[PDB]
Structure formats: structure tokens, C-alpha cells
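Novice: PDB entry and its sequence, pasted below:
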Amino acid sequence: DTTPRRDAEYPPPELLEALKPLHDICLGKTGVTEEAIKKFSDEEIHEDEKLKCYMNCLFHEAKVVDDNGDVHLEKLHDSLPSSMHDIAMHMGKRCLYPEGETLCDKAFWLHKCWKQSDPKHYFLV
Ligand SMILES: CC(=O)CCC=C(C)C
């Protein structure tokens, strides 16, 4: 079952809420559209270069990157609500080592990898 779970409990409302202002900042900086974000979240993987940098911006704004701006997966896992701890771990267990030239490339690589592993529970806002 690969259909996206979207209800009052999941994605966690408190997480969506905390991310919203970061979304406003990162959408403003990169010029990505809302539609591009929703389509990646809920339908099919697609390559939009501004979406990739939006994704990178979100990791930075969320303070889950190391000193070189790379995603620090332990910090990301700790920043998630406890209720999604196990799902996120299985979703990321074969996505440990991102490939790509730029920080935007590696951020896209991760998101794509998480979405392929568990498209029901994967989301982007
Ligand atoms: C937080 C997430 O989505 C992936 C984390 C992956 C680990 C801890 C192996």
C-alpha cells in the first residue's frame, strides 16, 4: 500500500504547524511554487530545480545540518515527534549516504529515497 496517508493524525499536526513559517521563508527565498511542493508530496517524483533548493533550505532553517550544511540524520530524527520515530527510521535506513554535487542535489536525493522507501508516510510541506 503506496497511497499517501493524509488525515487529522498524520502527518503530525504539531509538526506541520512548526514547519509552516519555515515553509514561508524557504518558498520566498527560492521561488518554488506551492503546487510543485504538493505534487512531490502526494503524487509523483519530479525534477524541479527550485524545489530541490527549497528542500535544502528547509533542512538549514530547521537546524538539522552539520557545519558544511549537510543533513545530519541523527539531528533530523531527534527533531521529529516521538510518534513517527519508528516509521522515519525504517524510511531512512537505506538512505544513509546521499549522492550529489550540491547541497540542493543531496537534499533532493534524500527526499526521493525516503519517498521510494515508504510513499504512504513520506510527505513534504
Ligand atoms: C529522520 C528520517 O526521516 C531518517 C532518519 C534515518 C535514520 C535515523 C537511519
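Specialist: Thanks, I have it. Numbers count the residues shown, from 1 in each chain.
Novice: all contacts plus neighbour counts: C-alpha atoms, from now on.
Specialist: Noted.
Novice: and the helix ranked longest in the chain, what's buried?
Specialist: Secondary structure of the chain read by DSSP state H shows that its longest helix is helix 13-30. Residues 22, 23, 26, 27, 30 are the ones in helix 13-30 that count as buried (16 or more other CA atoms under 10 Å).
Novice: adding distance to residue 120, write those residues out as TSV.
Specialist: Shown next, in TSV, are the buried residues of helix 13-30 (distance: CA to CA, whole Å):
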residue	distance to residue 120
22	23
23	22
26	25
27	24
30	27
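Novice: which one of those is nearest residue 64?
Specialist: Taking CA to CA as the measure, residue 22 is the one of those closest to residue 64, at 12.8 Å.
Novice: shouldn't the closest one be in contact with residue 60?
Specialist: No - here residue 22 does not reach residue 60: they are 9.6 Å apart, not a contact under CA atoms under 8 Å.
Novice: one step back: say whether the ligand is contacted by the longest helix of the chain.
Specialist: No - judged by CA under 6 Å from any ligand atom, helix 13-30 makes no contact with the ligand; its nearest approach is 12.8 Å.
Novice: ditto for stretch 113-120
Specialist: No - if you take CA under 6 Å from any ligand atom as the test, stretch 113-120 misses the ligand, and the best it gets is 7.0 Å.
Novice: chain center to that stretch: distance?
Specialist: 11 Å (CA atoms, centre = their mean, to the nearest Å).
Novice: go on, stretch 59-78?
Specialist: The answer for stretch 59-78 is 12 Å, by CA atoms, centre = their mean.
Novice: do stretch 73-89 as well
Specialist: Per CA atoms, centre = their mean, the centroid offset for stretch 73-89 relative to its chain is 12 Å.
Novice: kindly report the same for stretch 46-58.
Specialist: 10 Å.
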